[PDB]
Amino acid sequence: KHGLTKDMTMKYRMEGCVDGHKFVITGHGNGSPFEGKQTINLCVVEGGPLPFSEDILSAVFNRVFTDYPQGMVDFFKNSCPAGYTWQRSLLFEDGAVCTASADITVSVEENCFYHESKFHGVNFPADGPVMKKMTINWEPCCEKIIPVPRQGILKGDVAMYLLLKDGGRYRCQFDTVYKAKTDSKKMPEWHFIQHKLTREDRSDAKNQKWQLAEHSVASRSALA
């Protein structure tokens, strides 16, 4: 129901700019919304190769792909098929700052998600891990999701870590606001979503490209 089926496809377009370097990424995906599982295949269409680590972009590419237990309000599935939008700041530990946003829609006819995104990054230091391309993946995490009932929005809060080639970690604070396109009659209570997001490089002579895989699962506090 909700324009959703067990197995679905996705189409992506991101327009971005990081320290003045413009780029465009397009892509396609498949996954299973009720399992909170997705696979995403991206290609740098303009501005490639990227002079910064592509890992900074990965979490911009849809909380409809979350496994919500029975009994928990699913704000994101409830927003479908019209969809939902989000806005996020990324505050990195070395003073780099990004802003990101996206618009998610379901084409029922087509059993497809259309995802349009924007990304703006400033002040990545020249010899930092993003510009030296020393990143490998984000570490799995636990995001806290908070309702703001008076406004019909959710906020998310997670302290993320990007794992580095030498074994270190590079921290980034994510702060997100999530809004349905049509204000739903039901709001969840606060909860967690755990996430694991991985990148596999698929780049060839012609184009820079890669595959992301995500698994996300919502839960309540484990303490009675």
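Don't overthink the numbering: it's just position in the shown sequence, from 1.
The stretch of deposited sequence separating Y170 from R171 contains no residues lacking coordinates in this entry. Per-stretch averaging of Cα B factors for 77-85 and 137-145 places 77-85 on top.
Stretches 63-71 and 180-188 differ in mean C-alpha B factor, with the higher average recorded for 180-188.
Among all modelled residues in its chain, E35 ranks in the middle third by Cα B-factor. Among all modelled residues in its chain, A224 ranks in the highest third by Cα B-factor. Sorting the modelled residues of the chain by their CA temperature factor places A126 in the middle third.
For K165, the recorded CA B-factor ranks within the highest third of the chain. Only modelled residues enter the ranking. When the modelled residues of the chain are ordered by C-alpha B-factor, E116 sits in the highest third.
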